[PDB]
Amino acid sequence: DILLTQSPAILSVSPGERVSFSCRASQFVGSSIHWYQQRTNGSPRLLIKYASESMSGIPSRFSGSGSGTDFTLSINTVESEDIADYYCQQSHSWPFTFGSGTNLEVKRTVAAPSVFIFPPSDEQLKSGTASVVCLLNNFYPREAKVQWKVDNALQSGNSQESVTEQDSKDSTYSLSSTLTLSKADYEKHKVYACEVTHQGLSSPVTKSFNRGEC
Amino acid sequence: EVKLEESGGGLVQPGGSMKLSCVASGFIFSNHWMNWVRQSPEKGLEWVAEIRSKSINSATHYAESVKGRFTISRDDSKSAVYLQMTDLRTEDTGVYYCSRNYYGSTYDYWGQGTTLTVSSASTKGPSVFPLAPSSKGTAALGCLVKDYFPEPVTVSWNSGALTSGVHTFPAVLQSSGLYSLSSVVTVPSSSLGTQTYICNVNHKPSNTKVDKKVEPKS
């Protein structure tokens, strides 16, 4: 199949900025590249056909360009309704294929997270499992490193992260990192620590607790 | 205006079967080529199947990943296109869109999508555990909502009276096949002694409703 490489995966835009993003075909596709917008919880919507032809009803700030393999969608001054995912699609030959998408997010100034750690509850421990939660609250940009350290041993493979959608009011993200151990493994160790590295923090932040102390 | 409206999604075990339907209006249905396109986080958008117009023998075409397992069909008298799926696999999970392709070019109209979940996991309500505010300005507290299936759960705080500063995280699929999530909120530290904090967890597929009081641990 013809593969379409969209770049970047995530593009940060300030309101009023002129932005563009890229769709590269793994082989020649002439002008048969079509662009779609997909807002959160919505369906794809056709914006541009045959590289550069705008559909009716689509605002004039959208324009497309390119031919052969390298294609570009441009938004001349982004509005807040343009915050969405954007996909390209080729119809040069069968089967028709789509790129992986570019997500447009709101760019704002750097905001450091506030960090919180939560031991497993007594209730959960009584059930045989221990979940330790590290929370990063309202930060920007989205990139952050969260490392679990248990009696000074760096943990790998036993934690999962979740991230909220960008906040509608302050444009920040929040993130949970959840360390999961069996009750027996949890009770083998004393010091549980979450260390957070983020651009907004002049030094990485560690929150920790001693198992069973309060 | 053109409308495409899908139905028939749901939960099914691997090896299972399910039929999707889509009803069209606002264009001459029998003239046009109708498609199913699916979307998942791991594979993105993927064309699935197409059935062309009766004028060209209603030719059908399938993605290699579903050939021999899926069958697309149309009923022009009902303005309907269907996708019969068999031998379903976990990686068939996704949102399935009905879409018109304009004679071998764009997908110029799309439905709202219908969700297919292929999983051997059994339906199960969550356990809800407190994330107690730390004994050491602003405090964070929450509820851990663990080991339920399938999606979704809803979480409110104080029966909806508390909304500011709440973050209910997207669910994550554990290796057990069950989902887990946390819902947290930041509140003034001074309010921990004057205000009670209760998370209300609802999981409709298991008819589970749980209220958990979250207080400082002694």
# chains A, B, ... in the order shown; residues from 1 in each chain; ligands from 1
>>> interface_residues(of="chain A", to="chain B", cutoff="9 Å", atoms="only C-alpha atoms", output="ChimeraX atom specification")
/A:32-35,42-46,49-50,87,89-92,95-101,116-124,131,133,135,137,160-165,174-176,214
>>> select_by_dssp(residues="segment 118-149 of chain B", states="strand (DSSP E or B)", output="tab-separated table (two decimals) with N, CA and C atoms, in the first residue's frame")
chain	number	residue	atom	x	y	z
B	118	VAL	N	-13.97	-5.83	20.47
B	118	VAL	CA	-13.76	-7.27	20.45
B	118	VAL	C	-12.86	-7.62	21.62
B	124	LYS	N	-17.96	-6.24	34.24
B	124	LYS	CA	-17.65	-6.19	35.66
B	124	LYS	C	-17.62	-4.74	36.11
B	127	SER	N	-14.19	-1.46	41.46
B	127	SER	CA	-13.93	-1.16	42.86
B	127	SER	C	-13.47	0.29	42.93
B	128	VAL	N	-13.90	1.00	43.97
B	128	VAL	CA	-13.60	2.43	44.10
B	128	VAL	C	-12.83	2.63	45.40
B	129	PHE	N	-11.63	3.18	45.30
B	129	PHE	CA	-10.77	3.38	46.46
B	129	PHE	C	-10.45	4.86	46.62
B	130	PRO	N	-10.30	5.35	47.85
B	130	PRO	CA	-9.99	6.77	48.05
B	130	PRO	C	-8.54	7.08	47.73
B	131	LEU	N	-8.33	8.27	47.14
B	131	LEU	CA	-7.01	8.89	47.08
B	131	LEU	C	-7.06	10.00	48.13
B	138	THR	N	-3.20	24.48	48.75
B	138	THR	CA	-4.09	23.64	47.96
B	138	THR	C	-3.79	22.17	48.21
B	139	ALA	N	-4.85	21.37	48.32
B	139	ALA	CA	-4.75	19.93	48.51
B	139	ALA	C	-5.35	19.21	47.31
B	140	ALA	N	-4.85	18.00	47.05
B	140	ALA	CA	-5.40	17.13	46.02
B	140	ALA	C	-5.98	15.89	46.69
B	141	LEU	N	-7.11	15.43	46.17
B	141	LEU	CA	-7.73	14.19	46.61
B	141	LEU	C	-8.46	13.59	45.42
B	142	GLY	N	-8.90	12.35	45.56
B	142	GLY	CA	-9.56	11.71	44.44
B	142	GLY	C	-10.06	10.33	44.78
B	143	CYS	N	-10.47	9.62	43.72
B	143	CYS	CA	-10.96	8.25	43.79
B	143	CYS	C	-10.30	7.45	42.68
B	144	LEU	N	-9.80	6.27	43.03
B	144	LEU	CA	-9.30	5.32	42.05
B	144	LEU	C	-10.43	4.37	41.67
B	145	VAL	N	-10.70	4.25	40.37
B	145	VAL	CA	-11.83	3.48	39.85
B	145	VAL	C	-11.22	2.33	39.04
B	146	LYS	N	-11.13	1.16	39.65
B	146	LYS	CA	-10.26	0.09	39.17
B	146	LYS	C	-11.05	-1.16	38.77
B	147	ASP	N	-10.59	-1.80	37.69
B	147	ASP	CA	-11.02	-3.14	37.30
B	147	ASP	C	-12.49	-3.21	36.90
B	148	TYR	N	-12.89	-2.43	35.91
B	148	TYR	CA	-14.23	-2.54	35.35
B	148	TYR	C	-14.14	-2.87	33.86
B	149	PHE	N	-15.25	-3.37	33.33
B	149	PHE	CA	-15.39	-3.62	31.89
B	149	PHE	C	-16.86	-3.72	31.53
>>> residues_around(residues="residue 191 of chain A", least_positions_apart="4", cutoff="7 Å", atoms="only C-alpha atoms", output="JSON, numbers by chain")
{"A": [150, 151, 208, 209, 210, 211]}
>>> closest_residue(among="A:11, A:145, A:72, A:125", to="residue 180 of chain A", atoms="only C-alpha atoms")
A:125
>>> atom_distance(atom1="atom CA of residue 184 of chain A", atom2="atom CA of residue 196 of chain A")
26.6 Å
>>> residues_around(residues="residue 153 of chain B", least_positions_apart="5", cutoff="7 Å", atoms="only C-alpha atoms", output="list in words")
residues 201, 202 and 203 of chain B
>>> write_last_selection(atoms="C-alpha atoms", output="CSV table (one decimal), in the first residue's frame")
chain,number,residue,atom,x,y,z
B,201,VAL,CA,-19.1,6.4,40.3
B,202,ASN,CA,-21.6,5.0,37.9
B,203,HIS,CA,-21.0,2.0,35.6
>>> select_by_dssp(residues="chain A", states="alpha helix (DSSP H)", output="list in words")
residues 122, 123, 124, 125, 183, 184, 185 and 186 of chain A
>>> closest_residue(among="A:14, A:38, A:6, A:69", to="residue 39 of chain B", atoms="only C-alpha atoms")
A:38
>>> residues_around(residues="residue 158 of chain B", least_positions_apart="4", cutoff="7 Å", atoms="only C-alpha atoms", output="list in words")
residues 162, 197, 198 and 199 of chain B
>>> write_last_selection(atoms="N, CA, C and O atoms", output="PDB file, in the first residue's frame")
ATOM      1  N   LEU B 162     -19.603  19.827  42.825  1.00  0.00           N
ATOM      2  CA  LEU B 162     -18.178  20.140  42.764  1.00  0.00           C
ATOM      3  C   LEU B 162     -17.675  19.824  41.358  1.00  0.00           C
ATOM      4  O   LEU B 162     -17.591  18.651  40.976  1.00  0.00           O
ATOM      5  N   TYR B 197     -16.175  15.360  50.876  1.00  0.00           N
ATOM      6  CA  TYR B 197     -15.848  15.114  49.476  1.00  0.00           C
ATOM      7  C   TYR B 197     -16.192  13.673  49.146  1.00  0.00           C
ATOM      8  O   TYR B 197     -15.628  12.747  49.738  1.00  0.00           O
ATOM      9  N   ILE B 198     -17.135  13.495  48.230  1.00  0.00           N
ATOM     10  CA  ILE B 198     -17.657  12.188  47.857  1.00  0.00           C
ATOM     11  C   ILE B 198     -17.607  12.096  46.342  1.00  0.00           C
ATOM     12  O   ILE B 198     -18.079  13.002  45.646  1.00  0.00           O
ATOM     13  N   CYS B 199     -17.023  11.021  45.826  1.00  0.00           N
ATOM     14  CA  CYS B 199     -17.074  10.765  44.398  1.00  0.00           C
ATOM     15  C   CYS B 199     -18.214   9.799  44.120  1.00  0.00           C
ATOM     16  O   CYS B 199     -18.414   8.824  44.853  1.00  0.00           O
TER      17      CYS B 199
END
>>> decode(residues="segment 80-128 of chain B", atoms="N, CA and C atoms", output="compact mmCIF listing (two decimals), in the first residue's frame")
# COMPACT_ATOMS: atom_id res chain seq x y z
N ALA B 80 -29.62 1.57 2.25
CA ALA B 80 -28.81 1.02 3.33
C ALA B 80 -27.59 0.29 2.78
N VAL B 81 -26.47 0.43 3.49
CA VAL B 81 -25.27 -0.37 3.25
C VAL B 81 -24.94 -1.12 4.54
N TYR B 82 -24.45 -2.36 4.42
CA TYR B 82 -24.21 -3.20 5.59
C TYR B 82 -22.79 -3.76 5.58
N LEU B 83 -22.29 -4.08 6.77
CA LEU B 83 -21.02 -4.78 6.93
C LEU B 83 -21.25 -5.97 7.85
N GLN B 84 -21.25 -7.16 7.27
CA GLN B 84 -21.30 -8.40 8.05
C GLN B 84 -19.87 -8.80 8.41
N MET B 85 -19.59 -8.92 9.70
CA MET B 85 -18.28 -9.32 10.17
C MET B 85 -18.36 -10.70 10.82
N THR B 86 -17.34 -11.52 10.58
CA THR B 86 -17.23 -12.86 11.16
C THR B 86 -15.79 -13.07 11.60
N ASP B 87 -15.57 -14.13 12.40
CA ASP B 87 -14.23 -14.48 12.86
C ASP B 87 -13.52 -13.25 13.43
N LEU B 88 -14.22 -12.50 14.27
CA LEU B 88 -13.70 -11.20 14.68
C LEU B 88 -12.46 -11.36 15.55
N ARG B 89 -11.56 -10.39 15.46
CA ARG B 89 -10.29 -10.40 16.16
C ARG B 89 -10.19 -9.15 17.03
N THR B 90 -9.38 -9.22 18.09
CA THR B 90 -9.23 -8.06 18.98
C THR B 90 -8.82 -6.81 18.20
N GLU B 91 -7.98 -6.97 17.18
CA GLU B 91 -7.51 -5.82 16.41
C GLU B 91 -8.55 -5.29 15.42
N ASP B 92 -9.73 -5.90 15.34
CA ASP B 92 -10.84 -5.28 14.61
C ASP B 92 -11.56 -4.23 15.45
N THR B 93 -11.24 -4.14 16.74
CA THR B 93 -11.83 -3.13 17.61
C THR B 93 -11.61 -1.74 17.01
N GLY B 94 -12.64 -0.92 17.04
CA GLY B 94 -12.51 0.45 16.57
C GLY B 94 -13.87 1.08 16.34
N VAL B 95 -13.82 2.32 15.87
CA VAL B 95 -15.01 3.06 15.46
C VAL B 95 -15.18 2.85 13.96
N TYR B 96 -16.34 2.37 13.55
CA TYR B 96 -16.61 2.06 12.15
C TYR B 96 -17.51 3.14 11.56
N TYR B 97 -17.02 3.82 10.53
CA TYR B 97 -17.76 4.88 9.85
C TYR B 97 -18.31 4.36 8.53
N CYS B 98 -19.57 4.67 8.27
CA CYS B 98 -20.12 4.63 6.92
C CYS B 98 -19.70 5.90 6.18
N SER B 99 -19.29 5.75 4.92
CA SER B 99 -18.78 6.90 4.17
C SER B 99 -19.04 6.71 2.68
N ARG B 100 -19.35 7.81 2.01
CA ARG B 100 -19.46 7.80 0.56
C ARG B 100 -18.10 8.16 -0.04
N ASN B 101 -17.64 7.39 -1.01
CA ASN B 101 -16.47 7.79 -1.78
C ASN B 101 -16.95 8.29 -3.13
N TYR B 102 -16.47 9.47 -3.53
CA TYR B 102 -16.97 10.10 -4.76
C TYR B 102 -16.23 9.50 -5.96
N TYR B 103 -16.71 8.33 -6.39
CA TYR B 103 -16.31 7.70 -7.65
C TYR B 103 -14.80 7.48 -7.74
N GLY B 104 -14.19 7.09 -6.62
CA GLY B 104 -12.77 6.80 -6.61
C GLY B 104 -11.91 8.03 -6.37
N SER B 105 -12.31 8.85 -5.40
CA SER B 105 -11.51 10.01 -5.03
C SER B 105 -11.62 10.25 -3.53
N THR B 106 -12.39 11.26 -3.14
CA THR B 106 -12.54 11.63 -1.73
C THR B 106 -13.61 10.79 -1.04
N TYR B 107 -13.51 10.73 0.28
CA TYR B 107 -14.62 10.30 1.14
C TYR B 107 -15.38 11.56 1.54
N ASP B 108 -16.39 11.93 0.74
CA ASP B 108 -16.91 13.28 0.87
C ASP B 108 -18.04 13.41 1.89
N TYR B 109 -18.59 12.30 2.38
CA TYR B 109 -19.54 12.34 3.49
C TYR B 109 -19.30 11.14 4.40
N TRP B 110 -19.46 11.36 5.70
CA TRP B 110 -19.18 10.38 6.73
C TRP B 110 -20.33 10.35 7.73
N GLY B 111 -20.61 9.18 8.27
CA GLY B 111 -21.56 9.06 9.37
C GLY B 111 -20.97 9.50 10.70
N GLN B 112 -21.68 9.16 11.78
CA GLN B 112 -21.20 9.49 13.12
C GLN B 112 -20.30 8.41 13.71
N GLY B 113 -20.23 7.24 13.09
CA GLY B 113 -19.44 6.13 13.59
C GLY B 113 -20.22 5.27 14.56
N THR B 114 -19.93 3.96 14.54
CA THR B 114 -20.46 3.04 15.53
C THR B 114 -19.31 2.19 16.06
N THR B 115 -19.30 1.95 17.37
CA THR B 115 -18.13 1.39 18.03
C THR B 115 -18.22 -0.14 18.12
N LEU B 116 -17.14 -0.80 17.71
CA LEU B 116 -16.98 -2.24 17.86
C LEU B 116 -15.87 -2.52 18.86
N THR B 117 -16.17 -3.33 19.88
CA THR B 117 -15.19 -3.76 20.86
C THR B 117 -15.12 -5.28 20.86
N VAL B 118 -13.97 -5.83 20.47
CA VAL B 118 -13.76 -7.27 20.45
C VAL B 118 -12.86 -7.62 21.62
N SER B 119 -13.40 -8.39 22.57
CA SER B 119 -12.69 -8.67 23.81
C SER B 119 -13.33 -9.87 24.49
N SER B 120 -12.48 -10.70 25.09
CA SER B 120 -12.96 -11.83 25.88
C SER B 120 -13.25 -11.45 27.32
N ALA B 121 -13.01 -10.20 27.71
CA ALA B 121 -13.24 -9.79 29.09
C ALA B 121 -14.72 -9.85 29.44
N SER B 122 -15.00 -10.21 30.69
CA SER B 122 -16.36 -10.26 31.21
C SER B 122 -16.77 -8.91 31.79
N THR B 123 -18.06 -8.59 31.64
CA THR B 123 -18.60 -7.35 32.17
C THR B 123 -18.50 -7.32 33.69
N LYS B 124 -17.96 -6.24 34.24
CA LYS B 124 -17.65 -6.19 35.66
C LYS B 124 -17.62 -4.74 36.11
N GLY B 125 -18.27 -4.44 37.24
CA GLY B 125 -18.24 -3.11 37.79
C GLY B 125 -16.96 -2.83 38.55
N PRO B 126 -16.66 -1.55 38.78
CA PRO B 126 -15.39 -1.18 39.40
C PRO B 126 -15.39 -1.32 40.91
N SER B 127 -14.19 -1.46 41.46
CA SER B 127 -13.93 -1.16 42.86
C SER B 127 -13.47 0.29 42.93
N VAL B 128 -13.90 1.00 43.97
CA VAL B 128 -13.60 2.43 44.10
C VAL B 128 -12.83 2.63 45.40
